[PDB]
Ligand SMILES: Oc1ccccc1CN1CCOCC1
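Have a look below at one chain only, the form solved without the named molecule, in structure tokens format.
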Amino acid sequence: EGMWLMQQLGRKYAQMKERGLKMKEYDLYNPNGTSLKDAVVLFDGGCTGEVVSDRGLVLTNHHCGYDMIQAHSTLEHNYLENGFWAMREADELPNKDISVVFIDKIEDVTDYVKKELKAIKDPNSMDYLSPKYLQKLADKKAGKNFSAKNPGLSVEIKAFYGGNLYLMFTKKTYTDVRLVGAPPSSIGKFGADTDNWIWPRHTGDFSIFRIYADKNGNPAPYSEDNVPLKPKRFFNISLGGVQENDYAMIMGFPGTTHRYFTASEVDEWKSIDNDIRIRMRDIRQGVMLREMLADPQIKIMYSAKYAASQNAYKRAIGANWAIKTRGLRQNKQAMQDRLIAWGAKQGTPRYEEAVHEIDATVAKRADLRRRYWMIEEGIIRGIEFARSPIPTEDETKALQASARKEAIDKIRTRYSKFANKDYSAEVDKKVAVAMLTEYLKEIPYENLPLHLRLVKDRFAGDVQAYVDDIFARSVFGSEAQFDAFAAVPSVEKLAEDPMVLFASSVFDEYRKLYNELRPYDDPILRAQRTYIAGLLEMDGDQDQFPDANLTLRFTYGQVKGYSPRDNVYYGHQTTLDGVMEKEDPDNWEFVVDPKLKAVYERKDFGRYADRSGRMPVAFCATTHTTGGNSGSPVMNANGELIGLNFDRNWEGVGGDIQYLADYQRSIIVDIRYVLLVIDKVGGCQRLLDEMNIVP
């Protein structure tokens, strides 16, 4: 049920031991020594990774290393489709803009931060959550020139439990992290977007990197003279596999949770955030799908845009299913009622006052928040010509020196990025007509972006005519129309351009709504500091975990399937047989790598198959994970690596608000399948030889 601070390991250790944990507490996390925690990294700012050899080899997901695999891919060597296996360390590919962060030390600095905060004065100050203010406190504690005296190291203070606990992290960052290995995309992304959030899952979602450093193992940017890092700790790889009910644990960097939402915040999340995103994306996706099915060229141009829209659409459907069926609102209501009754017993009304301030703020911002989600989902992300070019102040104060041609070259560049090889004005007009029809039905005239008032005023309510007119008369409506403008440019033409006026008007409204909504966050934040303080004082910092905030956490559970619906059971483990059942050669998402298909046919599973001769692929566990946990090491009762977390089932996406023991599962790629792919598909024996594989 939780994403626990490393400091809470002492308090959780006895429960973990009763659940099957065999390793000593300080071998997992030691606050003043080397522990397994030292083999976990924050990979490229938003993923987790793990060190698996004494030469700095790192495992993470294929979707985590995707950008690096794509940046090194060419027509001649397409690593994204074919995979990549550096047969020697010198062949591993450097990556620009990459980092791996180690959590060297963690300290509780609550008393220090709370004493510093006493000098504020303004009771409503938000400095207690300000990265800038907390960095000034972190620098003060670390020392004037800490990073110079301890190179590669940096300090950071973060707030936890709504500002009731503060931790200082000493981080070691390495920026020379080289691509070592990756399976083909047919393995790394087998389900592709069709199996996203799905269990059972058959995806070999892994990629391999290596941390390089200077001669002393100290962080250093890319240099041909850099040498592989010899880390203080790395994971041993287990080949013992998993069985149903086995203890499993994860360490990683979960990004965000909303475990302390009031019942009113759950209602708002459902009725505004989720329902608007669901309704608007269903409209957008429906038009896009119609057009992609009718024209093979439209399918090529819009596949990625369609897939990008579907991901959070599916998340919102899953979250709304939890709200409707798992009593999330009711359980938050019971949590707050229990605190209110306990506060009334103690004579302290501040907790009830805090819940009331949150409810009142949620109620006051409802119409504004509805207008914001409506324009964001409906227009900002719904309509491509909303992101068409808007002449900057430097460009208009140049068209009316003769750098008129410089302004036109900059506007032309932006027009070519908007109307690129994947942009269809006809598809965009159809999407806009459906999205604007919905938007105009929901937003009244007095709340419309100024240009949209022309639908009623000038076009007699004809949305199609309004959209047709935008493209017919706009300098960005076609290449010929842009070129005619670029030959005789005038600021007058840009000032009256229907597409420019539309884009400007919708961005003006979007920014105005954002600016008006931003002040409502602060009273909720301040009231949450009092709310969570009461919850902790009443029930303890035992079963109530601090919200995720991109910091190192541990979670434990068991390898266990679940029943998704009446009379259906999904087991704890998928096999290579399941990959073969899903094979569809004329569907790019479900193509099977020929070398992998041959391994399955010959049963060339070596030491990686289970006791029954079946080749495992993935497993699921009752660990509590969220976005940020992609690539996290999954450990045995002995702390040996048994898999990598890569996804979570849609049924458990409501778990960011309320953990769902009977539905929520972490989706993990079995380490035996990772090794089978490195070995039989990649043929990269040197990677197997450098790992410490335990029988």
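The first residue of the sequence shown is number 1, and the count goes up from there.
From this point on, the text means the form deposited with the named molecule bound, which you will not see here.
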Counting only non-hydrogen atoms, the one stretch of 439 to 447, 87 to 95, 377 to 385, 356 to 364 within 4.5 angstroms of the named molecule in the deposited bound form is 356 to 364
Among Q528, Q336, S185, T622, which has any heavy atom within 4.5 Å of the named molecule in the deposited bound form?
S185
Among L137, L501, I283, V591, which has at least one heavy atom within 4.5 Å of the named molecule in the deposited bound form?
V591
Would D539 count as touching the named molecule in the deposited bound form under a 4.5 Å heavy atom rule?
no
Interface membership of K158, the named molecule in the deposited bound form, 4.5 Å heavy atom rule
no
Evaluate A341 for contact with the named molecule in the deposited bound form, applying a 4.5 angstroms cut-off between non-hydrogen atoms, and reply yes or no.
no
The named molecule contact at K189 in the deposited bound form, heavy atom, 4.5 Å:
yes
The named molecule in the deposited bound form - contacting residues of 64 to 90, heavy atom within 4.5 Å:
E81
